[PDB]
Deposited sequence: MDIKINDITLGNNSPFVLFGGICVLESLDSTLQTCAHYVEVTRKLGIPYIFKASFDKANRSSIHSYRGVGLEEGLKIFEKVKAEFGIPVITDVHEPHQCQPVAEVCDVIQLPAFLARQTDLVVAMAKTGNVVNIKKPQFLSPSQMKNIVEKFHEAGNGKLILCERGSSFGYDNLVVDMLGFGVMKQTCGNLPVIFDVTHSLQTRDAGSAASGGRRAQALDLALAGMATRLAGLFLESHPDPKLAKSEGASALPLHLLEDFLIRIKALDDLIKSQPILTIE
């Protein structure tokens, strides 16, 4: 099942969509700077693109640490991004009250992994009728995603994306199970599946070589999109050039059975 997000077709047999931007909104200008860069690279490579940012940092290094620009200011910034660039955007929500107002502005709203089992937040997101991205918890098996899908469905919203992030592997480590993508497709009605390679990397080319190998491996399984929380060199375009080459090949192969 494909999902239309404006002029973008997101699905598991469509050209991959890049979800990318920044961790936590800080200022208007450094936001537009970052998004202009993604847009420029994705445009020239021909890759559909959705800008990502949070307005709030939920887990902070200190009780005193910077927290982000918050909802009201956050939403202002998003509104600007859409105006300037004419692209979709995606952000996470943490509170049911937040859902409708965020959804007025943000094309896709995201269920944080830690909140994935919070029924209140599920219901309130569903009710917006917006496209929803479900961050698969590291502690949840691919087989359980169907249970989250069922709740959203029951709550009246079937416009759901499933987003791989890795799985708990002993203490403080993650592993990505490449078979999980297929399990999710098969059990969740072939909803779009996307791969958050960045957050999968708990833990040649160093880290850049790692991200590349892992991103290539996941996209080889035929996925709707790739989700980056970040990555004189042009590191982004080098990366994407290779992802696009593999994705174009994969998506040109007929599906078996």
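Numbering the deposited sequence from 1, one finds several regions with no C-alpha coordinates, namely 204-210, 239-252, 279-280.
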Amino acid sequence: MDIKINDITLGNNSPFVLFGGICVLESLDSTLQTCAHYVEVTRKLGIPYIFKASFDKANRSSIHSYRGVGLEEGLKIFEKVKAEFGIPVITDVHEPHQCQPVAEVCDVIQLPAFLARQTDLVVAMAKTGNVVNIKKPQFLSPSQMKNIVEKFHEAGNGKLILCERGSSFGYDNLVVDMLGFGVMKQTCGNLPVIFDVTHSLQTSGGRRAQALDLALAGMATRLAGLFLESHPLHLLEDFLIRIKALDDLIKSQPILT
From here on, numbers count along this sequence of modelled residues.
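For the pair 101-109 and 173-181, the record assigns the higher mean C-alpha temperature factor to 101-109. Comparing 209-217 with 34-42, the higher mean C-alpha B-factor in the PDB entry belongs to 34-42.
Among 88, 74, 142, 129, the highest C-alpha B-factor recorded in the PDB entry belongs to 74. Within the selection 70, 225, 189, 48, the deposited Cα B-factor values reach their highest point at 70.
Ranked by C-alpha B-factor against the other modelled residues of its chain, residue 22 falls in the highest third.
Ranked by C-alpha B-factor against the other modelled residues of its chain, residue 245 falls in the lowest third.
The entry lists a Cα temperature factor for residue 123 that places it in the middle third of the chain's modelled residues. In the deposited entry, the Cα temperature factor of residue 148 sits in the middle third of values across the chain's modelled residues. In this PDB entry, the Cα temperature factor of residue 165 sits in the bottom third of its chain's modelled residues, the lowest group.
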